[PDB]
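A look at the structure
One-letter residues, chain by chain:
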Amino acid sequence: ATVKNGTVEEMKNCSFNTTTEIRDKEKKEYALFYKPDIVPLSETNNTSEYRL
Amino acid sequence: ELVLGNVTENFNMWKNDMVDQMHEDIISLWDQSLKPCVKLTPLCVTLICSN
Amino acid sequence: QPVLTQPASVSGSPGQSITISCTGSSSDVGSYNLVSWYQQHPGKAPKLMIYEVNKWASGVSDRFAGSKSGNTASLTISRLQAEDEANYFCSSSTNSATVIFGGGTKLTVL
Amino acid sequence: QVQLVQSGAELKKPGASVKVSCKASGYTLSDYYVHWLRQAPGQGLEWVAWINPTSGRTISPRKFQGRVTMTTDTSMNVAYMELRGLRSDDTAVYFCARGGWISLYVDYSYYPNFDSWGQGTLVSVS
Amino acid sequence: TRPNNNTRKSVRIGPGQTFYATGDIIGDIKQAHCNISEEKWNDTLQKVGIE
Ligand SMILES: *[C@@H]1O[C@H](CO)[C@@H](O[C@@H]2O[C@H](CO)[C@@H](O[C@@H]3O[C@H](CO[C@H]4O[C@H](CO[C@H]5O[C@H](CO)[C@@H](O)[C@H](O)[C@@H]5O[C@H]5O[C@H](CO)[C@@H](O)[C@H](O)[C@@H]5O)[C@@H](O)[C@H](O[C@H]5O[C@H](CO)[C@@H](O)[C@H](O)[C@@H]5O[C@H]5O[C@H](CO)[C@@H](O)[C@H](O)[C@@H]5O)[C@@H]4O)[C@@H](O)[C@H](O[C@H]4O[C@H](CO)[C@@H](O)[C@H](O)[C@@H]4O[C@H]4O[C@H](CO)[C@@H](O)[C@H](O)[C@@H]4O[C@H]4O[C@H](CO)[C@@H](O)[C@H](O)[C@@H]4O)[C@@H]3O)[C@H](O)[C@H]2NC(C)=O)[C@H](O)[C@H]1NC(C)=O
Ligand SMILES: *[C@@H]1O[C@H](CO)[C@@H](O[C@@H]2O[C@H](CO)[C@@H](O[C@@H]3O[C@H](CO)[C@@H](O)[C@H](O[C@H]4O[C@H](CO)[C@@H](O)[C@H](O)[C@@H]4O)[C@@H]3O)[C@H](O)[C@H]2NC(C)=O)[C@H](O)[C@H]1NC(C)=O
Ligand SMILES: *[C@@H]1O[C@H](CO)[C@@H](O[C@@H]2O[C@H](CO)[C@@H](O)[C@H](O)[C@H]2NC(C)=O)[C@H](O)[C@H]1NC(C)=O
């Protein structure tokens with residue numbers, strides 16, 4: 001979404017799939033990550049897809 | 001075992017800590033016993049069972 | 001989520017003292033000392049009369065006490081004159097990052 | 001000199017929507033957080049939301065989440081607050097007010113130190 | 001100071017072990033910083049300078 005208006009520096013919101021209380025029942029989760037810990041994934045420019 | 005012919009000595013069974021050395025040593029002994037074996041893992045899945 | 005409370009209506013006596021209080025939870029009134037008091041006349045807008053318990057708002061006469069204690073606070077008004085006939089609201093901020101108002105109480109004549 | 005002149009009143013059907021605007025005067029809106037408040041006839045003052053007019057970041061307690069959407073146009077120097085899905089309760093006098101100074105190093109967004117208030121505008125319902 | 005109010009979110013990642021992330025941030029977003037008094041820093045730096 002971006003904030004874009006200045007006077008602010010913020011923390012990016014990301015999501016991933018997890019090995020839950022059952023091993024083979026992968027479910028959805030979300031987490032806030034500080035920007036340096038996250039990088040763009042691939043030259044295939046899907047901007048929503050990021051890498052730890 | 002040899003008797004101590006002329007003695008008088010106090011014992012306190014509860015306050016003894018030798019049993020604690022036993023307890024810690026036997027637990028550490030068993031903990032090492034579970035190192036080389038297989039740590040299951042694939043079986044903690046959904047199980048389909050008869051009814 | 002609004003929870004803050006106070007006696008819904010009371011009366012004073014000229015020249016004497018009155019207690020106008022408000023109460024909440026440790027989450028909102030005790031966790032933060034950030035408390036304030038407001039005066040609004042019907043047909044007009046409010047007017048900041050206390051902030052942060054006892055910082056002196058503009059135009060406030062020394063009658064208007066400001067104190068806090070635990071889950072409570074109050075305008076322990078002293079010398080209690082008559083030219084303030086409208087209400088005296090309370091307010092505080094919750095630890096959930098929100099502002100809360102009281103239910104208002106009237107400084108009745110008096 | 002300070003004024004927070006709001007727009008006029010306007011009656012709406014229940015379940016309708018209404019845009020309410022608040023005009024700055026004597027100061028630039030980017031200084032302070034803008035708090036939105038309300039007063040129904042015979043009820044007390046109800047806190048609705050704040051907006052950080054620069055980043056447009058907002059928080060509203062529980063009752064108005066989904067109900068209220070927020071914008072500002074600091075070039076025009078005006079603050080807006082929309083309601084959707086109205087009810088009979090919305091017969092009430094909305095007040096816009098400026099809160100604390102916007103500091104980059106201390107969070108003053110969320111505490112009750114309202115400095116000046118709008119005159120008052122009324123959404124109404126039948 | 002870190003004026004942001006981060007909240008920790010517990011995630012369960014694999015059998016019997018958990019991962020802790022950051023959930024929603026309470027309040028407004030602010031910048032992290034460190035402060036020093038500049039007259040005392042200037043005096044200290046000049047004192048280094050004469051050495
Ligand atoms: C690290 O480091 C860092 C750095 O430093 C840090 O940070 C920091 O911190 C701090 C602490 O926290 C903070 O502080 C804060 O600040 C803020 C700001 O300040 C500033 O500003 C302001 C404003 O300005 C404006 O206005 C003016 C006038 O007044 C003018 O002049 C200017 O110019 C501006 O203007 C605007 O507009 C215009 C129009 O035309 C335009 O043109 C322009 O452009 C703009 O826009 C000011 O004011 C200030 O000053 C003041 O103060 C000082 C001190 O500081 C003094 O000295 C002075 O004298 C002054 O005073 C006056 O005023 C006041 C107010 O403020 C009053 O009170 C008095 O009495 C007098 O009158 C400056 O310059 C501020 O604001 C804040 O304050 C607040 O808060 C506090 C807390 O503590 C409290 O205490 C107080 O009380 C206050 O409150 C008040 O105010 C507000 C405002 O709005 C309100 O809201 C409230 O309600 C109250 O009210 C008042 O008023 C009313 C009337 O209106 C009345 O009625 C009542 O009663 C009351 O009185 C604070 O202080 C800072 O900021 C920071 N920084 C930054 C950068 O951000 C950190 O912290 C470190 N670290 C650590 C850890 O610590
Ligand atoms: C980071 O991103 C994640 C998403 O990837 C985000 O989590 C989402 O938060 C929202 C808000 O809480 C969740 O959506 C709500 O879920 C509840 C479930 O009880 C619903 O009832 C809600 O629906 C009502 O509210 C809507 C407005 O919010 C109304 O428009 C609607 O008509 C309903 O009345 C609402 O859908 C959502 O489930 C999560 N998503 C996930 C995957 O958990 C998170 O908040 C983001 N972090 C930050 C800091 O923003
Ligand atoms: C940060 O958020 C927490 C949680 O909303 C605020 O308060 C804490 O609330 C929990 C649960 O009620 C209590 O167990 C803690 O004792 C509270 N902590 C404090 C310091 O009061 C906390 O106030 C928030 N801090 C800021 C700066 O916004």
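Residues numbered from 1 in each chain as written, not as in the entry; some residues may be left out. Chains lettered and ligands numbered in written order. Part of a larger assembly, values for the part shown. Heavy atoms only, no water.

Structure determination for this entry, per the PDB record, employed cryo-EM and reached 3.4 Å resolution.

All names here are of chain D. A cluster of nonpolar side chains, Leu104, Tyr105, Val106 and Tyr108, forms an exposed patch at the surface whose accessible area comes to about 340 Å². As for its placement among the helices and strands, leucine 104 is situated in the loop between β8 (92–101) and β9 (116–117). Take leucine 104: its relative accessible area is 36%, and that puts it in the partly exposed class. (Patch = residues over 30% accessible without salt bridge, like charges linked within 9 Å, V, L, I, M, F, W, Y side chains within 5 Å. Areas by Shrake-Rupley, 256 points an atom, 1.4 Å probe, with all protein chains shown as cover. Salt bridge = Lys/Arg side-chain N within 4 Å of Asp/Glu carboxyl O. Helix = DSSP H or I, 4+ residues; strand = E, 2+ residues; numbered from the N terminus. Buried < 20%, exposed > 50% of the residue type's maximum accessible area, 1.4 Å probe, protein only.)

Let us look at the site of ligand 2. Every residue close to ligand 2 is listed here: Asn13, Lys28, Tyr30 and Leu32 of chain A together with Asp24 of chain E. Residues lining ligand 2 come from chains A and E. Within the contact set of ligand 2, an oxygen atom lies 2.3 Å away from a side-chain nitrogen or oxygen of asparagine 13 of chain A. Take the shell around ligand 2: its biggest share by element is 3 residues, from strand β2 (residues 27–33) of chain A. Residue composition of the shell around ligand 2, grouped by class: 2 nonpolar, 1 polar and 2 charged. (Near = heavy atom within 4 Å. Polar contact = N/O pair within 3.5 Å; in protein donor to acceptor, adjacent residues only side chain to side chain. Nonpolar A, V, L, I, M, F, W, Y, C, P; charged D, E, K, R; others polar.)

This next bit is on the layout of surface pockets. The computed volume of the second largest pocket comes to approximately 360 Å³. What lines the second largest pocket is a set of 20 residues, among which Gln40, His41, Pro42 and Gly43 of chain C together with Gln39 of chain D lie closest to the centre. Class assignment of the residues belonging to the lining of the second largest pocket gives a composition of 8 nonpolar, 10 polar and 2 charged. (1 Å grid on protein atoms, 1.4 Å probe; cavity = no way out; pocket = protein on both sides within 12 Å on 5 of 7 lines; lining within 4 Å. Points joined across faces, edges and corners; volume = space filled by probe spheres on them.)

On to the site of ligand 3. Near ligand 3, the surroundings consist of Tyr32 and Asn95 of chain C together with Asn5 and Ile26 of chain E. Each of chains C and E places residues near ligand 3. Contacts to ligand 3 include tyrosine 32 of chain C, whose side-chain N or O atom sits 2.8 Å from an oxygen atom. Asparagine 95 of chain C places a side-chain nitrogen or oxygen 3.1 Å from an oxygen atom of ligand 3.

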